[PDB]
Amino acid sequence: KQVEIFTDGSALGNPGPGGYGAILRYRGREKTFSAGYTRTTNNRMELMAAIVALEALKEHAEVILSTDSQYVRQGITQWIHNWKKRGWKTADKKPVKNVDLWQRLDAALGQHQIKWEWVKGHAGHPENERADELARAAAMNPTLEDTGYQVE
């Protein structure tokens, strides 16, 4: 009884309009999530896609989460454990970039058993390609304010 999640996010500027797409599959069926923000970044949308998909889980699960985001992979596999040791601050004592979303992702995660699948390209990954199409459509017609976005 595993849940398969496929996520992607993108933006059209640095900061610009952006959006996310997430696909959840469980016991044969599929659910889709997508929303666009007026001023955000690619990395924030890559993170938001995973957050929204995991927050949709209403009971503890065994999850296989597939994403091609290098940023999410680096946070999960390289950075988050050390950021927690340092109180979510860098060496210059500033809050970690996108700390709001990393902390929200950590809350959305830790209740589930997650196997991360770090995919590279779209070839052979149709759900990831569709998640990208959803994110791009959302970026072309954004409705929400990414209140946590901060310059730099």
# chains A, B, ... in the order shown; residues from 1 in each chain; ligands from 1
>>> residues_around(residues="residue A:55", least_positions_apart="6", cutoff="12 Å", atoms="only C-alpha atoms", output="list in words")
residues 5, 22, 24, 33, 48, 49, 61, 104, 105, 106, 107, 108, 109, 110, 111 and 112 of chain A
>>> residues_around(residues="residue A:15", least_positions_apart="4", cutoff="10 Å", atoms="only C-alpha atoms", output="PyMOL selection string")
chain A and resi 11+38-42+149-152
>>> write_last_selection(atoms="C-alpha atoms", output="JSON list (two decimals), in the first residue's frame")
[["chain", "number", "residue", "atom", "x", "y", "z"],
["A", 11, "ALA", "CA", 9.48, 29.96, -12.28],
["A", 38, "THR", "CA", 3.04, 35.89, -8.86],
["A", 39, "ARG", "CA", 6.57, 36.50, -7.54],
["A", 40, "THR", "CA", 8.75, 33.55, -6.54],
["A", 41, "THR", "CA", 11.77, 31.46, -7.57],
["A", 42, "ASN", "CA", 12.41, 28.09, -9.20],
["A", 149, "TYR", "CA", 9.66, 35.12, -0.65],
["A", 150, "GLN", "CA", 12.43, 37.54, 0.32],
["A", 151, "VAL", "CA", 14.95, 39.22, -1.99],
["A", 152, "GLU", "CA", 18.42, 37.66, -2.11]]
>>> closest_residue(among="A:123, A:12, A:3, A:64", to="residue A:37", atoms="only C-alpha atoms")
A:12
>>> select_by_dssp(residues="stretch 23-124 of chain A", states="strand (DSSP E or B)", output="number ranges by chain")
A: 23-26, 29-40, 62-67, 89, 95, 113-118
>>> residues_around(residues="stretch 131-144 of chain A", least_positions_apart="4", cutoff="8 Å", atoms="only C-alpha atoms", output="VMD selection string")
chain A and resid 6 to 12 17 to 23 34 to 38 127
>>> write_last_selection(atoms="N, CA and C atoms", output="mmCIF file, in the first residue's frame")
data_model
loop_
_atom_site.group_PDB
_atom_site.id
_atom_site.type_symbol
_atom_site.label_atom_id
_atom_site.label_comp_id
_atom_site.auth_asym_id
_atom_site.auth_seq_id
_atom_site.Cartn_x
_atom_site.Cartn_y
_atom_site.Cartn_z
ATOM 1 N N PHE A 6 4.983 12.376 -7.458
ATOM 2 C CA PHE A 6 5.837 12.910 -8.512
ATOM 3 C C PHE A 6 5.685 14.425 -8.497
ATOM 4 N N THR A 7 6.769 15.177 -8.315
ATOM 5 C CA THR A 7 6.638 16.626 -8.133
ATOM 6 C C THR A 7 7.584 17.432 -9.010
ATOM 7 N N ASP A 8 7.186 18.659 -9.338
ATOM 8 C CA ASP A 8 8.055 19.575 -10.068
ATOM 9 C C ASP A 8 7.603 21.009 -9.792
ATOM 10 N N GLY A 9 8.533 21.952 -9.889
ATOM 11 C CA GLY A 9 8.185 23.363 -9.731
ATOM 12 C C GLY A 9 9.098 24.185 -10.632
ATOM 13 N N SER A 10 8.620 25.358 -11.039
ATOM 14 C CA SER A 10 9.468 26.214 -11.863
ATOM 15 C C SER A 10 8.963 27.650 -11.800
ATOM 16 N N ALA A 11 9.836 28.549 -12.244
ATOM 17 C CA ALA A 11 9.477 29.965 -12.277
ATOM 18 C C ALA A 11 10.054 30.577 -13.552
ATOM 19 N N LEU A 12 9.451 31.683 -13.959
ATOM 20 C CA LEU A 12 9.874 32.346 -15.190
ATOM 21 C C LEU A 12 10.768 33.543 -14.947
ATOM 22 N N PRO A 17 6.964 34.998 -11.961
ATOM 23 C CA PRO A 17 5.827 34.105 -11.833
ATOM 24 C C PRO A 17 6.295 32.650 -11.808
ATOM 25 N N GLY A 18 5.677 31.871 -10.920
ATOM 26 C CA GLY A 18 6.091 30.472 -10.796
ATOM 27 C C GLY A 18 4.925 29.569 -10.430
ATOM 28 N N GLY A 19 5.161 28.251 -10.484
ATOM 29 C CA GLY A 19 4.087 27.335 -10.123
ATOM 30 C C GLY A 19 4.645 25.956 -9.794
ATOM 31 N N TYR A 20 3.767 25.114 -9.269
ATOM 32 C CA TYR A 20 4.176 23.745 -8.940
ATOM 33 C C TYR A 20 3.136 22.784 -9.499
ATOM 34 N N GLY A 21 3.543 21.541 -9.660
ATOM 35 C CA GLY A 21 2.686 20.429 -10.045
ATOM 36 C C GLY A 21 3.052 19.209 -9.203
ATOM 37 N N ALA A 22 2.044 18.528 -8.662
ATOM 38 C CA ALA A 22 2.288 17.311 -7.902
ATOM 39 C C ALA A 22 1.216 16.277 -8.252
ATOM 40 N N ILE A 23 1.666 15.046 -8.415
ATOM 41 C CA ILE A 23 0.785 13.919 -8.737
ATOM 42 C C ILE A 23 0.934 12.863 -7.651
ATOM 43 N N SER A 34 -1.869 21.691 -8.175
ATOM 44 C CA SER A 34 -1.102 22.683 -8.925
ATOM 45 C C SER A 34 -1.592 24.074 -8.546
ATOM 46 N N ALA A 35 -0.661 25.009 -8.398
ATOM 47 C CA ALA A 35 -1.014 26.393 -8.088
ATOM 48 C C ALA A 35 0.143 27.284 -8.519
ATOM 49 N N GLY A 36 -0.173 28.518 -8.892
ATOM 50 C CA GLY A 36 0.813 29.483 -9.348
ATOM 51 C C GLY A 36 0.871 30.729 -8.475
ATOM 52 N N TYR A 37 2.082 31.257 -8.332
ATOM 53 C CA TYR A 37 2.426 32.398 -7.487
ATOM 54 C C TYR A 37 2.980 33.525 -8.347
ATOM 55 N N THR A 38 2.659 34.775 -8.009
ATOM 56 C CA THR A 38 3.043 35.894 -8.856
ATOM 57 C C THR A 38 4.503 36.308 -8.803
ATOM 58 N N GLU A 127 5.214 10.796 -15.499
ATOM 59 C CA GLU A 127 4.544 11.561 -14.449
ATOM 60 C C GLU A 127 5.355 12.801 -14.089
#
>>> atom_distance(atom1="atom CA of residue A:45", atom2="atom CA of residue A:80")
17.8 Å
>>> closest_residue(among="A:16, A:1, A:56, A:63", to="residue A:114", atoms="only C-alpha atoms")
A:63
>>> atom_distance(atom1="atom CA of residue A:65", atom2="atom CA of residue A:117")
5.9 Å
>>> closest_residue(among="A:4, A:102, A:59, A:47", to="residue A:27", atoms="only C-alpha atoms")
A:4
>>> select_by_dssp(residues="stretch 7-147 of chain A", states="helix (DSSP H, G or I)", output="ChimeraX atom specification")
/A:42-55,70-85,99-109,126-139
>>> decode(residues="stretch 57-82 of chain A", atoms="N, CA and C atoms", output="CSV table (one decimal), in the first residue's frame")
chain,number,residue,atom,x,y,z
A,57,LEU,N,-1.3,14.1,2.4
A,57,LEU,CA,-1.4,12.8,3.0
A,57,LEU,C,-2.0,12.9,4.4
A,58,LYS,N,-3.2,12.3,4.6
A,58,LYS,CA,-4.0,12.5,5.8
A,58,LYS,C,-3.7,11.4,6.8
A,59,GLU,N,-2.9,10.4,6.4
A,59,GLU,CA,-2.5,9.3,7.3
A,59,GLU,C,-1.1,8.9,7.0
A,60,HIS,N,-0.4,8.4,8.0
A,60,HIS,CA,1.0,8.0,7.9
A,60,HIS,C,1.1,7.0,6.7
A,61,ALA,N,2.2,7.2,5.9
A,61,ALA,CA,2.3,6.3,4.8
A,61,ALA,C,3.7,5.9,4.4
A,62,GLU,N,3.8,4.9,3.6
A,62,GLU,CA,5.1,4.5,2.9
A,62,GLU,C,5.0,5.2,1.5
A,63,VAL,N,5.9,6.1,1.3
A,63,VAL,CA,6.0,7.0,0.2
A,63,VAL,C,7.2,6.8,-0.7
A,64,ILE,N,7.0,6.9,-2.0
A,64,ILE,CA,8.1,6.9,-3.0
A,64,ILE,C,7.9,8.2,-3.7
A,65,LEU,N,8.8,9.2,-3.4
A,65,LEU,CA,8.7,10.5,-3.9
A,65,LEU,C,9.7,10.8,-5.0
A,66,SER,N,9.3,11.0,-6.2
A,66,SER,CA,10.1,11.2,-7.4
A,66,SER,C,10.2,12.7,-7.8
A,67,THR,N,11.4,13.2,-7.8
A,67,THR,CA,11.6,14.6,-8.2
A,67,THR,C,13.0,14.8,-8.8
A,68,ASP,N,13.0,15.6,-9.8
A,68,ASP,CA,14.3,15.9,-10.5
A,68,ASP,C,15.0,17.2,-9.9
A,69,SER,N,14.5,17.7,-8.8
A,69,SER,CA,15.1,18.9,-8.2
A,69,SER,C,16.4,18.6,-7.6
A,70,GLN,N,17.5,19.3,-8.1
A,70,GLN,CA,18.8,19.2,-7.4
A,70,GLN,C,18.7,19.9,-6.0
A,71,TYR,N,18.0,21.0,-6.0
A,71,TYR,CA,17.9,21.7,-4.7
A,71,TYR,C,17.3,20.9,-3.6
A,72,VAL,N,16.2,20.2,-3.9
A,72,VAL,CA,15.5,19.3,-2.9
A,72,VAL,C,16.5,18.2,-2.5
A,73,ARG,N,17.1,17.6,-3.5
A,73,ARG,CA,18.1,16.5,-3.2
A,73,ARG,C,19.2,17.0,-2.3
A,74,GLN,N,19.8,18.2,-2.6
A,74,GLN,CA,20.9,18.7,-1.7
A,74,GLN,C,20.4,19.0,-0.3
A,75,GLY,N,19.2,19.6,-0.2
A,75,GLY,CA,18.7,19.8,1.2
A,75,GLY,C,18.5,18.5,1.9
A,76,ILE,N,17.7,17.6,1.3
A,76,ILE,CA,17.4,16.3,2.0
A,76,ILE,C,18.7,15.5,2.3
A,77,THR,N,19.6,15.4,1.4
A,77,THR,CA,20.7,14.5,1.5
A,77,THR,C,22.0,15.1,2.1
A,78,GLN,N,22.2,16.4,2.0
A,78,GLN,CA,23.4,17.1,2.3
A,78,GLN,C,23.3,18.2,3.4
A,79,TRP,N,22.3,19.0,3.3
A,79,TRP,CA,22.2,20.2,4.1
A,79,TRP,C,21.3,20.2,5.4
A,80,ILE,N,20.1,19.7,5.4
A,80,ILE,CA,19.2,19.9,6.5
A,80,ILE,C,19.7,19.4,7.8
A,81,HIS,N,20.4,18.2,7.9
A,81,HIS,CA,20.9,17.8,9.2
A,81,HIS,C,21.8,18.8,9.8
A,82,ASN,N,22.7,19.4,9.0
A,82,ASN,CA,23.7,20.4,9.6
A,82,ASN,C,23.0,21.7,9.8
